[PDB]
Amino acid sequence: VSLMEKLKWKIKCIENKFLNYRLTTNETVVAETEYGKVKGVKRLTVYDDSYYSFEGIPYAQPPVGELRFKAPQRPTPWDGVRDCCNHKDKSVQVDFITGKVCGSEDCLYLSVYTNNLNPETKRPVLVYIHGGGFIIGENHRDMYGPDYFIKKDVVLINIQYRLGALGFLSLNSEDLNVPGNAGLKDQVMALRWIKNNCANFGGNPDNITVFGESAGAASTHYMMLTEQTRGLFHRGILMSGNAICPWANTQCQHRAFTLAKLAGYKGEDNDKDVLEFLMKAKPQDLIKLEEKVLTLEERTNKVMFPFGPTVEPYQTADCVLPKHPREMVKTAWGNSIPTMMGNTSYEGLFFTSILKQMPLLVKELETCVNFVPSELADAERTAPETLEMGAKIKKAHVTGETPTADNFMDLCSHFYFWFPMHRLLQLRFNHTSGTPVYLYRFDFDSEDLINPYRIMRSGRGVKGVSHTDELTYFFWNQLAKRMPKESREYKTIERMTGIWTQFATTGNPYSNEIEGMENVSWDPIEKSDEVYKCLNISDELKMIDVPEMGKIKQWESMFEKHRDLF
C-alpha cells in the first residue's frame, strides 16, 4: 500500500480516536453475564442516535503459551465489575495499510451493542462474523461500527477469533492435540456465550441470527454445518461466500513444517519437533512469514491462503470439521433454518489490485486451465480433459480474440463466488427439510461513501460494485461521514439494515415498511427452479433472474462426465 494512503490512514486513525472520545458519554451501566458483571458505556453516532456499548467481553481464556494453536477453553470468571468501556486488541495479523504486523494473541473477545438495555420485549440478536480470508479482520468500531444497526431495535454482536497460523495450524500426529480449525472453534465458543448471555442485554435467546461477509460468510456457513453448534441460532445470512468456496478450506498439515523452516527451525520434519519450535516463536514472526509459505505450484493451482479451515485429521472433543464441507452439508442442522445468500454485481472487481502487480495473470485465460476446479484438474494442468474443461470456462468469459482484465475479473466472480453458491444450493436441496433460502444481488454503486477495503483493492475511482462494497451500508467506519437523509446512500443504509433486521426477526426478508419494496414479491428458491431469482438491490429494488445464471450453468457443464463430484 502507498506512502500516501499510509499518512492518510494515519490521520484518520488519529481523527477516529478524537471522534471516539468525543462520541462517548458518562453514562456507564453494568450488565450480568454468567462469568460476572460487565461495565458498558453509552455512545453517540454522527446521526445523533445513541447506543450502549460493551466491548472486550472475553468468551474464552487468552489462547497464549501452552494454549497457542489449541482449541479454546472457557474463561475464568471474576468477582466485581469488569471494565468493558474500551476495545481489546485484534488478532495478530499483517496490517494491510502499513504492512507491519499488529495485534495480539490476547484477542478472543466480543462486543455487544443496543439502543436500549431494557426493552419492553426481547429483541432479535444479530451476530456478525467479519471476513478477511481468515488472516485479517477485527471487531473494532473504526471498521465495523454499530451506528447504522442501532437505529433498529436489535442487539448487535461483533466477535473476534484467531487468525492465520495461530488460528488454523494443523498437525497430523494425534498426540499433540493440534487437529486444526482453532479459529473456528473460537467462533463456536463465542456462539455458546451469545446463547447463554444475550438475554442479559435485552436479546431474545430464541431468535438469533448469524451473518458475515467473505471469510465471515464461510465462517457463518461452517457454524451452520457443524454438529457443535446445533440449534444455537435460528437464521443465517451468507454474504459473498460459503464453506465450499475454493478459498474457504485447505489441507495445510504439511505447511507447518514450511512455516517452521521460514522462521529458522533447525531439525527434521516431524510434527512434535515442528510444534515445539512454533510454540516458542514470537507471534509476530510467524504471522509476518505466512505470506511466503505457499509454493509456486500452490499459487498456480489458485490456493489463496496457506492456513485456513481444514478437514481435521482426527476427532477430538471440540472437532468442528471432521469431513470435507460438501459431505457435511448432507447432514447439516443448518439446512433447516431460514437462510439468505447473495453477492455483488461485480465481485471479481476486487482483483484489480492483484492484476496491477501481475499483468501476466490475464494470459491464464488463454486456456483457463488454472481455474478448472482443483478436484477435476490434473497436477500440471496439462491433461487433454483439463484443457477441455478450461475451454468451457473460456467460452463463458473471454469476449474477444484475446482475454482482458475485465474478462479475468468477471471469471473471478464466478470461480470464487457464483459457482460455489450454485453448487451449495443444489447440494442443500438434496438434503433439507424445505426451509426457505432467499437470494439477493447487491448492485448499488457509490463513490460518495466508502470503506477501508477499497484502499486495499485499489478501488479508488473504479466503477462497479466490488466484493465488500456492501459493508459500507451496514457498518460505520473511520472513513464514513454523515450523509443527507435524502441521499441515495442514506436510503441504501436504511434499506440494507432494514432487510437484514426484518429477516433476522421473521426469517423472511420482505417488508412493505421498507422504502422501495412496495412492488417486490421476494420468493425463495425452489429445487425445481432452473433459474434463480434474486432481489437486485440498486437505486431501485427489483426481483430479477440472476444475470450470472448462464455463466453458472457453463461452469456446471465441466462436471458433465463427473456428476458425482458436483
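The deposited coordinates for this entry were obtained by X-ray crystallography, with a reported resolution of 2.300 Å.

Caption draft 1: Molecular detail of the overall build of the protein. Looking only at helices and strands, one finds 15 helices and 15 strands in the protein. Relative to the globule expectation of 24 Å for 566 residues, the C-alpha radius of gyration of the protein, 23 Å, shows essentially globular dimensions. Principal-axis analysis of the C-alpha atoms gives the protein an extent of 70 × 65 × 50 Å. Among the 566 residues that make up the protein, the fraction classed as buried is 60%. Within the protein, counting contacts between residues at least 6 apart in sequence, those at least 24 apart form 73% of the total. For the protein, the accessible area works out to roughly 22,700 Å², and carbon and sulfur atoms hold 50% of it.

Caption draft 2: The arrangement of the pairing of strand β9 (residues 155–159) in detail. Of all five residues in β9, five are buried; the element is thus mostly enclosed. Burial along β9 is two-sided: the residues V155, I157 and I159 and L156 and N158 are all buried. As paired elements, strand β7 (residues 109–114) and β9 share four bridges and run antiparallel to each other. Note on β9: the bridge partner recorded for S111 is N158. Relative to β9, strand β8 (residues 123–129) is paired through five bridges, and the arrangement is parallel. Looking at β9, one finds that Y128 is bridged to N158.

Caption draft 3: Region of interest: helix α1 (residues 3–22). In this model α1 runs 29 Å from its N-terminal to its C-terminal C-alpha over 20 residues, within 8% of the 28 Å that 1.5 Å per residue would give. Those residues of α1 not exposed but buried are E5, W9 and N16. Relative to the axis of α1, the buried residues are bounded by an arc of 35° and lie together on one face. Exposed and oriented more than 90 degrees from the buried face of α1 are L3, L7, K10, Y21 and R22. Tucked into the core, α1 has its buried residues touching α13 (453–456).

Caption draft 4: Main features of the packing of aromatic side chains. Evaluated as defined, the whole model comprises 35 aromatic pairs. Measuring from ring centre to ring centre gives 5.3 Å for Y144 and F475, while their planes differ by 85°; the resulting arrangement is edge-to-face. Linking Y144 in the loop between β8 and β9 with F475 in the loop between α13 and α14 (488–506), this pair joins segments that are 331 residues apart in sequence. A single burial state applies to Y144 and to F475, both of which are buried. Of the aromatic side chains, those joined through ring pairs into one cluster are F350, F351, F371, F408, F415, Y416, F419, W555, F559 and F566. The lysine or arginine in question, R82, covers the ring of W78, its NZ or CZ lying 5.2 Å from the ring centre. The ring of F566 is capped by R563, whose NZ or CZ atom sits 5.0 Å from the centre of that ring.

Conventions we followed
- Residues numbered from 1 in each chain as written, not as in the entry; some residues may be left out.
- Heavy atoms only, no water.
- Helix = DSSP H or I, 4+ residues; strand = E, 2+ residues; numbered from the N terminus.
- Rg over C-alpha atoms; globule rule 2.2 N^0.38 Å.
- Buried < 20%, exposed > 50% of the residue type's maximum accessible area, 1.4 Å probe, protein only.
- Contact = heavy atoms within 4.5 Å.
- Areas by Shrake-Rupley, 256 points an atom, 1.4 Å probe, with all protein chains shown as cover.
- Pairing = 2+ DSSP bridges.
- Expected span 1.5 Å × (residues − 1).
- Arc of directions from axis to C-beta.
- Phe/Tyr/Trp six-rings, centres within 6.5 Å; stacked < 30°, edge-to-face > 60°.
- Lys NZ or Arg CZ within 6 Å of the ring centre and 35° of its normal.

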